[PDB]
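First comes the structure, then the notes that go with it.
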Amino acid sequence: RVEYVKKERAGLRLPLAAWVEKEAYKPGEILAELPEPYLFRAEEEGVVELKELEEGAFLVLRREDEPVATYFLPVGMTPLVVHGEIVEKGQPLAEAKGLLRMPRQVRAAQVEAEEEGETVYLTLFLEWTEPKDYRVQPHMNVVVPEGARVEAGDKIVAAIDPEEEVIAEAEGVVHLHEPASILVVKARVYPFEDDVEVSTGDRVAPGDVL
Amino acid sequence: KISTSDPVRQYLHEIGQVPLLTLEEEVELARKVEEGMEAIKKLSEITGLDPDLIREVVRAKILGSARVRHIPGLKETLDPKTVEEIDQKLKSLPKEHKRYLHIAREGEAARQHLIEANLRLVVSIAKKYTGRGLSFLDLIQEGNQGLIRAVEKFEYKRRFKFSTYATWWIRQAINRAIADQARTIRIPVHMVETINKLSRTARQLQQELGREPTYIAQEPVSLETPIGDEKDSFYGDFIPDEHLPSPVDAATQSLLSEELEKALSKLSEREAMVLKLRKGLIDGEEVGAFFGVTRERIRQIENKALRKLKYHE
Numbered sequence: 212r213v214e215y216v217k218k219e220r221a222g223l224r225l226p227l228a229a230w231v232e233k234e235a236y237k238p239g240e241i242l243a244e245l246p247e248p249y250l251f252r253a254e255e256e257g258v259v260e261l262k263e264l265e266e267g268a269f270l271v272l273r274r275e276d277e278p279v280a281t282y283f284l285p286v287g288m289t290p291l292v293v294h295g296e297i298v299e300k301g302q303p304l305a306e307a308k309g310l311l312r313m314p315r316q317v318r319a320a321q322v323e324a325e326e327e328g329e330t331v332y333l334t335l336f337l338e339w340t341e342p343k344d345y346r347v348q349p350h351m352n353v354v355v356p357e358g359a360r361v362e363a364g365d366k367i368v369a370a371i372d373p374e375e376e377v378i379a380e381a382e383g384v385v386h387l388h389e390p391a392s393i394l395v396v397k398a399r400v401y402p403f404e405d406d407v408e409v410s411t412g413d414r415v416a417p418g419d420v421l
Numbered sequence: 074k075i076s077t078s079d080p081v082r083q084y085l086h087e088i089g090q091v092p093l094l095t096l097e098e099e100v101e102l103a104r105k106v107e108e109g110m111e112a113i114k115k116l117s118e119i120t121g122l123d124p125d126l127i128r129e130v131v132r133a134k135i136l137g138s139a140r141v142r143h144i145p146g147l148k149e150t151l152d153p154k155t156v157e158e159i160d161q162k163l164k165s166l167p168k169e170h171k172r173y174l175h176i177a178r179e180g181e182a183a184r185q186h187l188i189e190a191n192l193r194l195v196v197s198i199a200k201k202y203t204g205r206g207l208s209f210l211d212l213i214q215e216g217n218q219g220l221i222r223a224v225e226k227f228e229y230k231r232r233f234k235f236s237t238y239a240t241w242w243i244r245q246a247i248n249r250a251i252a253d254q255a256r257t258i259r260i261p262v263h264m265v266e267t268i269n270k271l272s273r274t275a276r277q278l279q280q281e282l283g284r285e286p287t288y310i311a312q313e314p315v316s317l318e319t320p321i322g323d324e325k326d327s328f329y330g331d332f333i334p335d336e337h338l339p340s341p342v343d344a345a346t347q348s349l350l351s352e353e354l355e356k357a358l359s360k361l362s363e364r365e366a367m368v369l370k371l372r373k374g375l376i377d378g384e385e386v387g388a389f390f391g392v393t394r395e396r397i398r399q400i401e402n403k404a405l406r407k408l409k410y411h412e
């Protein structure tokens with residue numbers, strides 16, 4: 212599995228006086244509490260677009276083709292598909308329920324707040340980990356361990372023919388699903404990071420330089 | 074106990090612990106072997122040492138400790154004191170250069186895991202050479218000499234697997250030695266399947282024809319055998335002799351050989367050598388005596404050669 216943690220930056224509007232923004236809030240973490248209701252102006256108009264999530268929903272608006280609006284909806288807001296651009300008349304009719312979201316697989320880090328009146332436009336960081344898998348053949352070699360990231364040229368798996376080997380894409384966390392069997396060796400794991408060792412085969416207890 | 078089943082439960086027990094997965098496990102080991110192949114070559118450049126010297130220091134440290142001192146070109150060297158000098162000069166080469174070592178170790182060690190797992194192949198190859206002239210343990214060990222001699226050569230790059238690549242070399246060392254150590258005399262490589270081929274027409278005529286018909311091979315009887323009424327005599331006891339000195343041997347061939355080369359060189363070498371070596375070097384023939392002339396001129400020049408050779412006018 213390759214997780215390509217793609218990133219974007221989207222806005223939202225809150226209750227001004229209600230303390231509803233904390234930095235100790237990570238994926239699957241709280242935002243805002245109990246404004247009955249929300250209906251305020253996210254002032255823009257554009258062609259309707261919506262993209263799916265497990266628990267979430269973006270709304271992008273391309274008037275012509277430029278991305279005029281990018282505002283994310285944490286679940287607990289009642290979306291409507293193709294409404295709004297009557298006079299740009301506060302379409303973001305995302306109903307503020309008594310709970311909030313809390314995006315479990317997408318992390319909410321940075322924060323920015325311009326304060327006025329009833330609401331604050333917030334701009335943050337959005338990284339959702341895309342689970343995409345590959346399948347290795349008998350003649351394919353896993354050059355990558357049980358979890359590490361990767362560069363755009365940082366080849367992952369080598370096969371017999373240079374014809375379509377598993378080349379590296381944009382950065383992704385490398386996890387492994389299906390082994391062909393499992394070794395249970397009674398041993399001791401000793402990780403190293405910086406410098407070089409004594410090779411496989413020799414005797415140690417505790418020996419010298421390990 | 075009796076050593077028929079012991080080599081079997083000795084083979085089939087690590088071949089039962091490692092019955093190679095036909096692609097994953099088989100191709101993994103062949104790669105590491107070739108991984109260790111080139112890593113040793115690259116270590117031979119960095120250090121300035123023989124490649125087979127390096128492969129052999131690896132072999133000694135993998136098996137723990139042994140006294141198996143032999144190298145092509147070099148027969149011996151101080152083993153237990155110097156292999157560790159070699160292992161520590163390897164501890165000095167940096168991070169870039171020690172990984173060749175780490176791969177060279179894992180590669181030759183996988184070479185043994187490769188072989189040790191593919192010996193049930195040898196069990197069923199030598200099983201079709203049962204009554205051939207060698208005991209069944211001589212056969213497997215000649216078969217295990219082939220599967221080892223097939224590991225130097227295998228190229229996993231070409232996709233055909235090792236289970237069918239080694240059947241050839243195994244059946245090549247078996248048929249190597251059956252032609253050697255089966256009878257007392259070192260028999261020709263030829264006469265093996267010439268004797269073996271009459272033995273499979275004799276059983277395809279004796280099946281039916283009932284006759285024993287018309288138109310350098312026999313089997314030794316031991317020296318001690320109770321003759322008579324299964325009594326105490328041994329058969330060497332009734333052999334008196336023909337003579338002791340065995341003359342006209344050395345004093346004859348000494349004249350015989352030197353007076354040959356005399357006339358042999360006094361006529362044209364293209365003449366005299368055509369038969370010197372046809373009738374005298376390997377075989378015989385005259386359907387192909389000819390290095391490139393008609394079957395009629397060779398008979399022409401052959402006979403005419405001898406005649407001026409016999410008597411000169």
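Just so you know, the protein sequences line up as chains F and C, in that order.
Using UniProt numbering, read the first sequence as starting at 212 and increasing by one per residue.
Note that the second sequence covers residues 74 to 288, 310 to 378, 384 to 412 in UniProt numbering.
Ideal Cβ positions, reconstructed from N, Cα and C, are used throughout, including at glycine.
**Request:** Would you mind telling me which residues of chain C sit closer than 7 Å to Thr411 (chain F), beta carbon to beta carbon, in chain order?
**Result:** Result: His175, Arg178, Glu179.
**Prompt:** Where does the unbroken beta strand (DSSP E) through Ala319 (chain F) begin, and where does it stop?
**Reply:** Residues 317–320.
**Request:** Pick helix, strand or coil for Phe209 (chain C), following the three-state DSSP scheme.
**Result:** helix
**Other residues of its chain near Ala252 (chain C): CB distance less than 8 Å, five sequence neighbours each side excluded** = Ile260, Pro261, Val262, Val265
**Request:** State the DSSP-derived secondary structure class of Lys262 (chain F), mapped to helix, strand or coil.
**Result:** Judged by DSSP in its simplified three-state form, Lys262 (chain F) adopts strand.
**Message:** Is the separation between the beta-carbon of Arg193 (chain C) and that of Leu85 (chain C) shorter than 8 Å?
**Reply:** For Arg193 (chain C) and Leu85 (chain C), yes; Cβs fall inside 8 Å.
**Asked** Does the beta carbon of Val407 (chain F) come closer than 8 Å to any beta carbon on chain C?
**Response** Flagged as an interface residue toward chain C: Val407 (chain F), by a C-beta distance shorter than 8 Å.
**Element boundaries [alpha helix (DSSP H), containing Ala250 (chain C)]** = For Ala250 (chain C), the enclosing alpha helix (DSSP H) stretches over residues 235–254.
**Request:** Provide the residue span of the alpha helix (DSSP H) that contains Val271 (chain F), from first to last.
**Result:** That residue, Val271 (chain F), is in no alpha helix (DSSP H); its beta strand (DSSP E) goes 268–273.
**Request:** Note down, in chain order, every chain C residue with its Cβ under 9 Å from the Cβ of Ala391 (chain F).
**Result:** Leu94, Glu97, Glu98, listed in chain order.
**Message:** For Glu97 (chain C), tell me which candidate among F:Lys343, F:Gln348, F:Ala320 has the shortest Cα-Cα distance.
**Reply:** F:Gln348
**Request:** Compare the C-alpha of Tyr401 (chain F) against each of F:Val420, F:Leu394, F:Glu389 and name the closest.
**Result:** F:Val420
**DSSP-derived helix/strand/coil call for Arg193 (chain C)** = helix
**Of the residues F:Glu214, F:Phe251, F:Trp230, the one placed nearest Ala324 (chain F), counting alpha carbons only** = Nearest C-alpha to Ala324 (chain F): F:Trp230.
**Asked** So which residues on chain F does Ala182 (chain C) lean against when the C-beta distance must stay under 8 Å?
**Response** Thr411, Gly412
**Request:** Determine the burial state of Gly283 (chain C): buried for a count of at least 16 other Cβ atoms within 10 Å of its Cβ, exposed for fewer.
**Result:** exposed
**Request:** Could you tell me which residues DSSP puts in a beta bridge with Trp230 (chain F)?
**Result:** Bridge partners of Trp230 (chain F): none, in fact.
**Prompt:** Is the Cβ of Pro153 (chain C) closer than 8 Å to any Cβ of chain F?
**Reply:** no
**Residues sharing a beta bridge with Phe283 (chain F), DSSP** = F:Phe269
**Prompt:** Where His175 (chain C) and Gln185 (chain C) are concerned, what is the direct C-alpha to C-alpha distance, given to the nearest angstrom?
**Reply:** Cα to Cα, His175 (chain C) sits roughly 16 Å from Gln185 (chain C).
**Proximal chain C residues relative to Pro248 (chain F), where beta-carbon distance stays under 9 Å** = By Cβ distance, chain C contributes nothing, its closest Cβ being about 60 Å from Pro248 (chain F), past 9 Å.
**Reference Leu93 (chain C); option with closest CA among C:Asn191, C:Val141, C:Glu169, C:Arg140** = C:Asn191
**Asked** Going along chain C, which residues have a C-beta under 7 Å from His350 (chain F)?
**Response** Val100, listed in chain order.
**Prompt:** Can you give the Cα-Cα distance for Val91 (chain C) and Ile221 (chain C), rounded to whole angstroms?
**Reply:** 17 Å
**Test item: CB-CB of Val322 (chain F) and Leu335 (chain F) under 8 Å** = Yes. Within cutoff.
**Asked** Would you say the region 350–369 of chain F touches the region 249–266 of chain F, given that touching needs at least three Cβ pairs under 8 Å?
**Response** no
**Asked** Between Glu376 (chain F) and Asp344 (chain F), what straight-line distance do the alpha-carbon atoms span, to the nearest angstrom?
**Response** 14 Å
**Asked** Counting only beta-carbon atoms, is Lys164 (chain C) nearer than 8 Å to chain F?
**Response** yes
**Prompt:** Excluding five sequence neighbours on each side, which residues of the same chain lie with their C-beta closer than 6 Å to the C-beta of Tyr249 (chain F)?
**Reply:** Once the five neighbours on either side are set aside, the close Cβ partners of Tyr249 (chain F) are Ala307.
**Prompt:** Excluding sequence positions up to five away, which residues of its chain have a Cβ less than 7 Å from the Cβ of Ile144 (chain C)?
**Reply:** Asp125, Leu126, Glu129
**Prompt:** So, are the CB atoms of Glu326 (chain F) and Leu227 (chain F) less than 8 Å apart?
**Reply:** yes
**Near-chain F residues of the UniProt region "Sigma-70 factor domain-2" (187–257) of chain C (beta-carbon distance less than 9 Å), N- to C-terminal order** = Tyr229, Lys230, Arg232
**Item:** Rounded Cβ spacing between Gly412 (chain F) and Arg104 (chain C) (contact assumed at less than 8 Å)
**Value:** So it is not a contact: roughly 19 Å between Cβ atoms.
**Message:** So, with DSSP's three-state summary, where would you put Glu228 (chain C)?
**Reply:** coil
**Request:** Measure the Cβ-Cβ separation of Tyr282 (chain F) and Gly222 (chain F) and say whether it is below 8 Å.
**Result:** For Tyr282 (chain F) and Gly222 (chain F), yes; Cβs fall inside 8 Å.
**Message:** Within the continuous beta strand (DSSP E) that includes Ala324 (chain F), where are the two ends?
**Reply:** 324–327
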